[PDB]
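Hydrogens, waters and symmetry mates are skipped; everything else that's a heavy atom, side chains included, is used. Just so you know, ligand 1 is whichever comes first in the structure, and atom 1 is the first atom listed for that ligand. Naming: A, B, ... by sequence-line order, numbering from 1 per chain.
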Amino acid sequence: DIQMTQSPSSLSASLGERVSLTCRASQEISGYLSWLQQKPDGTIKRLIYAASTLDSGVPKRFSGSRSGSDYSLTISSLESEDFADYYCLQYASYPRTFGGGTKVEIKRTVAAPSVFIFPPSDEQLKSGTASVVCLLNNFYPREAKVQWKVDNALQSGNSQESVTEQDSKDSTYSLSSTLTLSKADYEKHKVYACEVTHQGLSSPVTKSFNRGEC
Amino acid sequence: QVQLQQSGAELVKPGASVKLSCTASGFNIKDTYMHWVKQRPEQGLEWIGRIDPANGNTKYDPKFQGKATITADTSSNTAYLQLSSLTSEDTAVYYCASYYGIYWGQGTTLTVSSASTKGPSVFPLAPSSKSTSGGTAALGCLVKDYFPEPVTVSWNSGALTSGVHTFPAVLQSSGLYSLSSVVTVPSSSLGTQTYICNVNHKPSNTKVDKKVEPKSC
Ligand SMILES: O=C(O)CCCCP(=O)([O-])Oc1ccc([N+](=O)[O-])cc1
């Protein structure tokens, strides 16, 4: 098997920056190499083949080159859409082999999250459970702290959060936090709040709701 | 247009066999060579093998020589990947690709497990919860208690894609997954526009469409 050694494994770059990824073939592959791009959604597309030939419709900012066993992919001006994992593919002999891939991360300016809080839906309440959801939308960097407060009392042990990958449009992240309680426990308290801490904020932003009868 | 449509995600028991499919629309046998690729988190793309639909010739990555069997049917324009003696190591996303690697299927998530499938409950995340926000409002759907992954979430049958965020699923203490999909929209048109999330969990054949609207109070 021809080993394709791709470096680096991860690359962080600012928008507009000129970046390059490299793949070294352990054997002579005579230019039979393609560059594939896999976006966060799992979509894979070929950008280059024959080492330096761009596919139809591929943006001019992408270019491939070869120097002996070193094959490189270059992006002239990194754009948010370029956030993806890139893989080189050897098609000179069998078995076909892929490089390890290079995860391209994008650096951008600090952005404060827009916070939203959602009460449990009435239909969920009928099932005996209650999920309060807190949304931190479009922020940067990824680091952020979210604290649940029920009647001003800090919560622990009943929540789970998840953060997205960088957005293909603006390179920001979004976080979702869910506080799951039993219907009875939910009905025992009045004020449900979500306190958010992030560099883009001078002070913690708190969003809340009061479970009133509807 | 032209594309490769792969079979739905599914859960299969350890020790069993499974057969994935990849049907091509637009082109056909003429291009020749249908490849199958395996992918797992933190592991790149791994080639399984390929088939020449014109003569049935097959080439495999030596590691899969006694694990995968690739077949093709030109009449129905479909290729198949049969995996035998399933183990936890076979849990992955499988992709099919055409000649030159130009067309790629959307991938099929195979989860090998001794557990039962679980359909999710879909709850609305109503906009303007208690009151309206500063110009923009958020709404969404909570897809809770399902197994295994993944779940597909669309908005307005594909008509709405702008500002959508479908978060990675979290594993709850019960062994069941849960995720949310949200959208930010103008608060001014909450009374004129319609937002409905389309949820689909193939492993359990669960398909739900939930209209998300502001609740009265
Ligand atoms: O003469 C031969 O045997 C080589 C001709 C085949 C070129 P090819 O179809 O294998 O190119 C590809 C190689 C690998 C892939 N892949 O998805 O891994 C996709 C396409």
Task: Shortest protein contact, atom 1 (O) of ligand 1 (heavy atom only) - done: B:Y33 OH, 4.6 Å
Open item on the list: When you measure from atom 9 (O) of ligand 1 to the protein, is at least one non-hydrogen atom found at a distance under 4.0 Å?
Closed with: yes
- [ ] Distance to 0.1 Å, residue and atom name: give those for the protein heavy atom nearest to atom 14 (C) of ligand 1.
- [x] A:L89 CD2, 3.5 Å
Task: Mutual orientation of the aromatic rings belonging to B:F147 and B:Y177 [parallel < 30°, tilted 30-60°, perpendicular > 60°] - done: parallel
Open item on the list: List ligand 1 atoms under 4.0 Å from B:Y100, heavy atoms only on the residue side.
Closed with: 9 (O), 11 (O), 20 (C)
TODO: Using distance alone, determine whether B:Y99 and ligand 1 share an N or O pair under 3.5 Å.
DONE: no
Open item on the list: Under a 4.0 angstrom heavy-atom cut-off, which atoms of ligand 1 come close to B:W47?
Closed with: 18 (O)
Open item on the list: Which of the numbered atoms in ligand 1 are under 4.0 angstrom from any heavy atom belonging to B:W104?
Closed with: 17 (O)
Task: Shortest non-hydrogen contact from A:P59 toward A:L54 - done: O-CD2, 3.8 Å
TODO: If you have a sec, work out which protein heavy atom is nearest atom 20 (C) of ligand 1 and how many Å separate them, to one decimal?
DONE: B:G101 N, 3.2 Å
Open item on the list: I want to check a possible cation-pi pair here: A:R142 against A:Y140, using under 6.0 Å from ring centre and within 45° of the ring axis as the test.
Closed with: no
Task: Parallel, tilted or perpendicular, as decided by the 30° and 60° cut-offs, for the rings of B:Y33 and B:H35 - done: perpendicular
- [ ] Using a cut-off of 6.0 Å, state whether more than 12 heavy atoms not belonging to A:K207 lie near its atom NZ.
- [x] no
- [ ] In sequence, state the C-alpha distance, the side-chain angles, and the governing distance for B:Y94 and B:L81, and then conclude on side-chain contact (heavy atoms from CB on, under 4.5 Å).
- [x] CA-CA 9 Å; B:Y94 295 83; B:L81 173 63; 3.9 Å; yes
Open item on the list: Is there a polar contact, in the sense of an N or O pair closer than 3.5 Å, between A:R96 and ligand 1?
Closed with: yes
TODO: Could you tell me whether the side chain of B:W36 reaches within less than 4.5 Å of the side chain of B:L20, counting heavy atoms only?
DONE: yes
TODO: Heavy-atom distances under 4.0 Å are what count here, so tell me which part of B:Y95 touches ligand 1: side chain, backbone, both or neither.
DONE: neither
Task: Numbered atoms of ligand 1 (with element) below 4.0 Å of B:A97, judged on heavy atoms - done: 17 (O)
Task: Atom NZ of B:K59 with >12 non-hydrogen neighbours under 6.0 angstrom - done: yes
Task: Closest approach of any protein heavy atom to atom 18 (O) of ligand 1, naming residue and atom - done: A:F98 CZ, 3.1 Å
TODO: Could you tell me if the ring centre of B:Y99 sits under 6.0 Å from that of B:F27?
DONE: no
Task: Backbone or side-chain N or O of B:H35 under 3.5 Å from ligand 1 N or O - done: yes
TODO: Determine whether the side chain, the backbone, both or neither of B:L45 has a heavy atom under 4.0 Å from any heavy atom of ligand 1.
DONE: neither
